[PDB]
>>> print(open('structure-v5.cif').read())   # mmCIF, C-alpha atoms
data_entry
loop_
_atom_site.label_atom_id
_atom_site.label_comp_id
_atom_site.auth_asym_id
_atom_site.auth_seq_id
_atom_site.Cartn_x
_atom_site.Cartn_y
_atom_site.Cartn_z
CA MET F 1 0.00 0.00 0.00
CA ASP F 2 1.54 3.27 -1.19
CA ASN F 3 1.26 6.41 0.93
CA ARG F 4 -0.49 8.22 -1.92
CA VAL F 5 -3.00 5.37 -2.25
CA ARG F 6 -3.53 5.20 1.51
CA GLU F 7 -4.51 8.88 1.50
CA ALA F 8 -7.38 8.07 -0.86
CA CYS F 9 -8.92 5.90 1.86
CA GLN F 10 -9.22 9.00 4.04
CA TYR F 11 -11.48 10.70 1.50
CA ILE F 12 -13.54 7.60 0.73
CA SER F 13 -13.90 6.93 4.46
CA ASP F 14 -15.73 10.24 4.92
CA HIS F 15 -17.93 9.50 1.90
CA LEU F 16 -18.43 5.91 3.05
CA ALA F 17 -22.05 6.83 3.79
CA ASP F 18 -22.47 8.91 0.63
CA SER F 19 -24.46 7.33 -2.20
CA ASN F 20 -23.04 9.18 -5.20
CA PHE F 21 -19.36 8.23 -5.37
CA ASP F 22 -17.10 9.93 -7.92
CA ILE F 23 -13.72 8.31 -8.56
CA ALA F 24 -12.67 11.68 -9.97
CA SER F 25 -12.63 13.24 -6.50
CA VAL F 26 -10.48 10.32 -5.32
CA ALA F 27 -7.68 11.04 -7.79
CA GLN F 28 -7.94 14.79 -7.23
CA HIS F 29 -7.53 14.28 -3.49
CA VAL F 30 -4.10 12.79 -4.17
CA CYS F 31 -3.30 15.50 -6.71
CA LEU F 32 -3.16 12.76 -9.34
CA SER F 33 -5.18 11.52 -12.31
CA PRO F 34 -7.86 8.81 -12.01
CA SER F 35 -6.22 6.50 -14.54
CA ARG F 36 -2.76 6.78 -12.98
CA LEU F 37 -4.15 6.41 -9.45
CA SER F 38 -6.51 3.58 -10.40
CA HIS F 39 -3.61 1.69 -11.99
CA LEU F 40 -1.54 1.82 -8.81
CA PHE F 41 -4.64 1.27 -6.67
CA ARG F 42 -5.33 -2.15 -8.20
CA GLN F 43 -1.60 -2.90 -8.03
CA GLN F 44 -1.24 -1.99 -4.35
CA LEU F 45 -4.69 -3.23 -3.31
CA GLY F 46 -4.60 -6.09 -5.80
CA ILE F 47 -8.26 -5.36 -6.48
CA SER F 48 -10.63 -2.78 -7.97
CA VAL F 49 -11.53 0.32 -5.96
CA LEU F 50 -15.20 -0.65 -6.24
CA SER F 51 -14.43 -4.06 -4.75
CA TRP F 52 -12.25 -2.67 -1.95
CA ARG F 53 -15.04 -0.31 -0.89
CA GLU F 54 -17.57 -3.14 -0.66
CA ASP F 55 -15.10 -5.46 1.06
CA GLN F 56 -14.46 -2.92 3.82
CA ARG F 57 -18.18 -2.17 4.05
CA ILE F 58 -18.96 -5.78 4.96
CA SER F 59 -15.92 -6.21 7.21
CA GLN F 60 -16.90 -3.06 9.09
CA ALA F 61 -20.53 -4.15 9.42
CA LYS F 62 -19.60 -7.53 10.89
CA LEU F 63 -16.88 -5.95 13.03
CA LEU F 64 -19.13 -3.30 14.56
CA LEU F 65 -22.07 -5.71 14.75
CA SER F 66 -19.97 -7.75 17.17
CA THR F 67 -19.39 -4.76 19.45
CA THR F 68 -22.92 -3.46 18.90
CA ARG F 69 -26.47 -4.67 19.55
CA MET F 70 -28.24 -2.47 17.01
CA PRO F 71 -30.73 -3.92 14.48
CA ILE F 72 -29.82 -4.77 10.89
CA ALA F 73 -31.71 -1.63 9.85
CA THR F 74 -29.53 0.67 11.95
CA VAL F 75 -26.31 -1.21 11.21
CA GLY F 76 -26.93 -0.79 7.49
CA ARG F 77 -26.93 2.99 7.84
CA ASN F 78 -23.39 2.75 9.21
CA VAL F 79 -22.30 1.23 5.90
CA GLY F 80 -24.32 3.73 3.89
CA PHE F 81 -26.89 1.00 3.31
CA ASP F 82 -30.42 2.42 3.31
CA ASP F 83 -32.10 -0.92 2.61
CA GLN F 84 -31.91 -3.40 5.49
CA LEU F 85 -32.60 -6.30 3.14
CA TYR F 86 -29.95 -5.03 0.72
CA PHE F 87 -27.25 -5.46 3.38
CA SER F 88 -28.42 -8.95 4.35
CA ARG F 89 -28.71 -9.96 0.69
CA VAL F 90 -25.16 -8.89 -0.17
CA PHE F 91 -23.69 -9.92 3.18
CA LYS F 92 -25.41 -13.30 2.84
CA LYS F 93 -23.42 -14.14 -0.30
CA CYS F 94 -20.35 -12.41 1.13
CA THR F 95 -19.82 -15.15 3.71
CA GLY F 96 -22.43 -17.55 2.36
CA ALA F 97 -24.72 -17.07 5.35
CA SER F 98 -27.16 -14.38 6.47
CA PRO F 99 -26.27 -11.90 9.25
CA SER F 100 -29.05 -13.19 11.51
CA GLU F 101 -27.61 -16.71 11.35
CA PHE F 102 -24.00 -15.69 11.96
CA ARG F 103 -24.95 -13.41 14.85
CA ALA F 104 -27.14 -16.15 16.33
CA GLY F 105 -24.24 -18.58 16.12
CA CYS F 106 -26.49 -21.26 14.65
CA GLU F 107 -24.75 -23.91 12.56
#
>>> encode(input="structure-v5.cif", output="structure tokens")
Amino acid sequence: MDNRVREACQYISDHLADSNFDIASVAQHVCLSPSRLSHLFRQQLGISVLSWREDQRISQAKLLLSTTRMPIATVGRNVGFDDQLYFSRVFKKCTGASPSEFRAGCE
């Protein structure tokens, strides 16, 4: 992870709840172009920016969910998810099991 690339996370982090995401602002934040930044991003992150964002979204949801007792509806808001079912639907395939099952600890 390059310092320049790491800085991008700072901007995206603040807009983690935002719906309209513009990769343009990401490159501008690092005083670099989107193509040049994107190239190094996938090289340093080994994945696409769009994928990295989603990956962290799920990891954060499950991480906080462990230290929190809020409902799936509220938790979703933390990940910018407005639809409670949307989070469970995506998260379900993410690990292969729904959030209600994992949290319950049921085999």
>>> atom_distance(input="structure-v5.cif", atom1="atom CA of residue 67 of chain F", atom2="atom CA of residue 54 of chain F")
20.3 Å
>>> residues_around(input="structure-v5.cif", residues="residue 2 of chain F", least_positions_apart="4", cutoff="9 Å", atoms="all atoms listed in the file", output="mmCIF file with C-alpha atoms, in the frame of the given file")
data_model
loop_
_atom_site.group_PDB
_atom_site.id
_atom_site.type_symbol
_atom_site.label_atom_id
_atom_site.label_comp_id
_atom_site.auth_asym_id
_atom_site.auth_seq_id
_atom_site.Cartn_x
_atom_site.Cartn_y
_atom_site.Cartn_z
ATOM 1 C CA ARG F 6 -3.530 5.200 1.510
ATOM 2 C CA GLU F 7 -4.510 8.880 1.500
ATOM 3 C CA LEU F 40 -1.540 1.820 -8.810
ATOM 4 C CA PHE F 41 -4.640 1.270 -6.670
ATOM 5 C CA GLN F 44 -1.240 -1.990 -4.350
#
>>> residues_around(input="structure-v5.cif", residues="segment 90-96 of chain F", least_positions_apart="3", cutoff="9 Å", atoms="all atoms listed in the file", output="mmCIF file with C-alpha atoms, in the frame of the given file")
data_model
loop_
_atom_site.group_PDB
_atom_site.id
_atom_site.type_symbol
_atom_site.label_atom_id
_atom_site.label_comp_id
_atom_site.auth_asym_id
_atom_site.auth_seq_id
_atom_site.Cartn_x
_atom_site.Cartn_y
_atom_site.Cartn_z
ATOM 1 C CA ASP F 55 -15.100 -5.460 1.060
ATOM 2 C CA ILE F 58 -18.960 -5.780 4.960
ATOM 3 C CA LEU F 85 -32.600 -6.300 3.140
ATOM 4 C CA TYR F 86 -29.950 -5.030 0.720
ATOM 5 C CA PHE F 87 -27.250 -5.460 3.380
ATOM 6 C CA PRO F 99 -26.270 -11.900 9.250
#
>>> atom_distance(input="structure-v5.cif", atom1="atom CA of residue 52 of chain F", atom2="atom CA of residue 107 of chain F")
28.6 Å
>>> atom_distance(input="structure-v5.cif", atom1="atom CA of residue 1 of chain F", atom2="atom CA of residue 45 of chain F")
6.6 Å
>>> closest_residue(input="structure-v5.cif", among="F:23, F:73, F:5, F:79", to="residue 61 of chain F", atoms="only C-alpha atoms")
F:79
>>> closest_residue(input="structure-v5.cif", among="F:16, F:47, F:8, F:106", to="residue 28 of chain F", atoms="only C-alpha atoms")
F:8
>>> residues_around(input="structure-v5.cif", residues="residue 25 of chain F", least_positions_apart="4", cutoff="10 Å", atoms="all atoms listed in the file", output="list in words")
residues 8, 11, 12, 21, 29, 30, 31, 32, 33 and 34 of chain F
>>> closest_residue(input="structure-v5.cif", among="F:89, F:14, F:76, F:66", to="residue 105 of chain F", atoms="all atoms listed in the file")
F:66
>>> closest_residue(input="structure-v5.cif", among="F:36, F:4, F:103, F:77", to="residue 57 of chain F", atoms="all atoms listed in the file")
F:77
